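Heads up, the Cβs are rebuilt from the backbone with ideal geometry, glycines too, and the neighbour counts pull from every protein chain shown. A short reminder: the numbers here are calculations on the coordinates, not readings from a lab.
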Amino acid sequence: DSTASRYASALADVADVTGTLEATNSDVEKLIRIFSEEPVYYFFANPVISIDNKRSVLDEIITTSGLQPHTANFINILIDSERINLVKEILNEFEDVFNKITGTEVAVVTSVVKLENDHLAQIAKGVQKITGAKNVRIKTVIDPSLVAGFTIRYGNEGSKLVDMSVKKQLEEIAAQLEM
Amino acid sequence: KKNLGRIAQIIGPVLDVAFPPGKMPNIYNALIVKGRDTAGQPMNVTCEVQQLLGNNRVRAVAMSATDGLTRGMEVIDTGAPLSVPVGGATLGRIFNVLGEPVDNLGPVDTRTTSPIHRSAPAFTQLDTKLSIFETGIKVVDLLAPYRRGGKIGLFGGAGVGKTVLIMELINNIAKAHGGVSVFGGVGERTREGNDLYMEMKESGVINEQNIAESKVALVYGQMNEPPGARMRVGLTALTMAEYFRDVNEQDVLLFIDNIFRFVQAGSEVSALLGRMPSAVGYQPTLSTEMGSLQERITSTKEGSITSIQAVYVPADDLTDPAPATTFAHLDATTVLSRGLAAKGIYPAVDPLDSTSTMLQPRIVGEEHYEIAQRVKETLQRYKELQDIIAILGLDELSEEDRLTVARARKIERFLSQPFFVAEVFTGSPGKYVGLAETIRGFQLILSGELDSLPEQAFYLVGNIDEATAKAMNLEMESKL
Amino acid sequence: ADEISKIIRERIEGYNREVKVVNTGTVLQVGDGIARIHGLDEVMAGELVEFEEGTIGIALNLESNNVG
Ligand SMILES: Nc1ncnc2c1ncn2[C@@H]1O[C@H](COP(=O)(O)OP(=O)(O)O)[C@@H](O)[C@H]1O
């Protein structure tokens, strides 16, 4: 495991023991869109800034968006330890550990064109029947490089891949050269 | 290209720059840095990417001076692996590693550029005509013959030879080989390079009048350069030779000296680059980098690149990896020994260890092979009787073995040559001797037929008849 | 996101302008020998910094966060 993965596993474990896992996931999405937009990251980093000013501004940002307290507790502990500079990576791996704990799996269906929602749910049926996740989430990405079909990037993170696409030509022609 | 850089960190010569995520240069892809100098704005220091760190930033060793660079400078990548101008333009000019002229004359044309770091030539087309060369040195033309169209190693300690020997060899062969010459000053002292440049412009090889008439094209990445430049000066010389072997189809003789610097600079940048240290302190990719240089030098069915690298065996560490992997690549190794320059026998080439893949009889001549065998066996006998001589008195060994010791002494003095370029250190005029004359000399010397001359009549002597005359002169001035 | 947080955004950009002045840097670590200042995005390698105590220092190591 990575340090970001450990901290994210802590946050997901607390959001597991307290029945606020979905609210905490939404709160992490809010917090990662906060810790994007560099100047905020630059402020919470830069150890020249005094710790009291940092925690005060963090309290203000907490009471602004109405976060869950244990997630606010998580960011405040991140400020306590010197590991606040990993905050983007921790909030990024939170999605992984949260999907693993709540039991759902992500399948990024990348096709040439946007896909119908019922047929996307059919893709979710299939991916679920090979993975075995409860609420399989499908975030689709329109792509111009593909030609007719689609690619699925289900798995841990990109790990498994099935694609009926320009890869059809690519494999037929890797077997056409035959050297 | 157009990929603006924003240099993140500058840790010594190795600087790592954070490109945008999509547009990222490849490995060994040049990066001209749009930066300011210590005074005055325009200053482009060239960097070649070594690896990609994955945080959108690549690590790039800097070919030029590293000071003055700030964190955050815009840099752009050429997209081409550091193109170097070669061909009919590169003649006569001392060239920088960047691909620039250094001798303050007019800039060259870039109509015949070429990538410096390219694929090695395939084994499918490999010209190997085993043939001997007459360089001029008594010992190295007899004991360790040199393979033209092949690689030659002038190994030695610190100051044993290997640069005066290279100067003598170039003074001999620069006129003999109708093909062009290429000198790669890989980490050699700047004053010896300038001595070489003066010697070349005086000996007609440069011919500064019409600079398109030179039989040579120099490349100097000499000592006073950041370890990027010493990491690629060898490859610049290699690109010039590879053009002269791809296009002009002529047998180009390239000289590299202190090729060990092409491994030392790699070490100095590799330690910084995050790559872990290998054995005694060089880079981990010693073998691959050394091979990536020394494999491009092969006669490749359009011409024959004979090359003479002067490896620097550091502190006479014959087991050091930087010469130990070069002994694998080098055909006609000539291990110069400090212990033989101790007693003044110049050149201090070891008669034993200087060995060649061209001392096979079908390749060299049966008479040549038998005389080289007898000379090397006599010197091995002398080395094995050194300890008996050292302690138990010279006389207490065998009487026939005493004949062998006197013969070995006469041999290991006679294989000393008065060079033309070393006339300043000896005071005696330089003498050139072919292979045939020294062969006939060694015959009568070791045959015991003229075992009556004095020893100093064989030392620092061009030929056997010169030795006989020197014995007359010496015996006359002895009594008189 | 931070639409209502415009005031705290002005506050944090104010704190950044407090700590991040150009040609300026703050000494995180000062070991026996070297120091490790934070900042100096303007500095060149080998440039002489002045420590505002009267102790000159040369900057040989430019890492990402801290200039050594
Ligand atoms: N033929 C020779 N006669 C006299 N001295 C020599 C001869 N060959 C080498 N030397 C001495 O040994 C040195 C070898 O040359 P040098 O460039 O120092 O070798 P390296 O490049 O290995 O340091 C010369 O400086 C010279 O003093």
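Estimated purely from DSSP H runs of n ≥ 4, each contributing -39500 (n - 2.57), the mean residue ellipticity at 222 nm for chain B is -10000 deg cm²/dmol once divided by its residues.
For chain B, relative contact order (Cα pairs under 8 Å, six or more residues apart, normalised by length) works out to 16 percent. Listed by chain and number, the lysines placed with their C-alpha closer than 30 angstrom to that of residue B:1 are A:167, B:23, B:34; residues fewer than eight positions away on the same chain are left out. Of A:63, A:18, B:325, the sequence from fewest to most neighbouring Cβ atoms within 10 angstrom is A:63, A:18, B:325. Within the shell of other residues whose beta carbon sits under 9 angstrom from the beta carbon of residue B:406, the net charge comes to +2, with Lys and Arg scored +1 and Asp and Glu -1. Between A:74, A:35, A:43, the residue with the greatest mean-square fluctuation in the GNM of chain A (Cα pairs under 10 Å linked by springs) is A:43.
What is the sum of charges around residue B:337, taking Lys and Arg as +1, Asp and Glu as -1, for the other residues whose C-beta is under 9 Å from the C-beta of residue B:337? Neighbourhood net charge equals -2.
Using alpha carbons only, the radius of gyration of chain B set against its Kirkwood radius gives Rg/Rh = 1.04. Based on the reciprocal of the average 1/r between different C-alpha atoms, the Kirkwood radius for region A:1-103 equals 13.6 Å. With Cα atoms as the point set, the radius of gyration and Dmax of region B:1-81 evaluate to 11.2, 34 Å. With a bin width of 10 angstrom, please list the P(r) values of region B:82-358 as percents of all Cα-Cα pairs, from the 0 bin to the one holding the largest distance. Per 10 Å bin, starting at 0, the Cα pair percentages come out as 7, 31, 38, 20, 3, 0.
Semi-axis lengths, largest first, of the ellipsoid equivalent to region C:20-68 are 14, 12, 11 Å, with √(5λ) applied to each eigenvalue of the Cα gyration tensor. For chain A, the relative contact order comes to 21 percent (Cα pairs under 8 Å, sequence separation of at least 6). With θ taken as phi - 60° and the Karplus curve 6.51 cos²θ - 1.76 cosθ + 1.60 applied, the whole-hertz 3J(HN,Hα) list for region A:84-97 is 6, 6, 8, 5, 5, 5, 5, 5, 6, 7, 4, 4, 4, 5 Hz, x standing for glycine and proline. Once backbone amide H atoms are built at 1.01 Å from N, residue B:333 has B:153, B:355, B:357 as its partners under 5 Å, excluding neighbours fewer than 5 places away on the same chain. Each part reduced to its alpha carbon centroid, region B:206-241 and region B:348-368 end up 32 Å apart. Going from the fewest other Cβ atoms within 10 Å to the most, the residues B:7, B:259 appear in the order B:7, B:259. Sequence gap of 8 or more, or different chains, plus Cα separation below 18 Å: how many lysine pairs satisfy both in region B:80-223? The result is 6. Neighbour counts of other Cβ atoms within 10 Å put B:23, A:129, A:54 in the fewest-to-most order A:129, B:23, A:54.
Across the protein assembly as shown, the fraction of Cα-Cα pairs farther apart than 35 Å, rounded to a whole number, is 61%.
Each label point was placed 7 Å from the Cα along the Cα-to-Cβ direction; for residue B:343 and residue B:53 their separation is 5.6 nm. Does region B:328-480 classify as rounded, prolate or oblate by the C-alpha gyration tensor (a ≥ b ≥ c root eigenvalues; a/c under 1.5 gives rounded; else a/b over b/c gives prolate, otherwise oblate)? It is rounded, given that a/c, with a ≥ b ≥ c, falls under 1.5. Computed per residue of chain C from DSSP H runs no shorter than four, each worth -39500 (n - 2.57), the mean residue ellipticity at 222 nm is -6500 deg cm²/dmol. Compared with the dominant principal axis of the Cα atoms in chain B, helix B:190-202 is inclined by about 70°. Once backbone amide H atoms are built at 1.01 Å from N, residue B:182 has B:217, B:253, B:254, B:255 as its partners under 5 Å, excluding neighbours fewer than 5 places away on the same chain. Entry note, chain C: relative contact order of 22 percent, from Cα contacts under 8 Å with a spacing of 6+ residues. Tilt of helix B:435-446 relative to the longest C-alpha principal axis of chain B, in degrees (0 to 90, nearest 10)? With rounding to tens, the tilt is 40 degrees.
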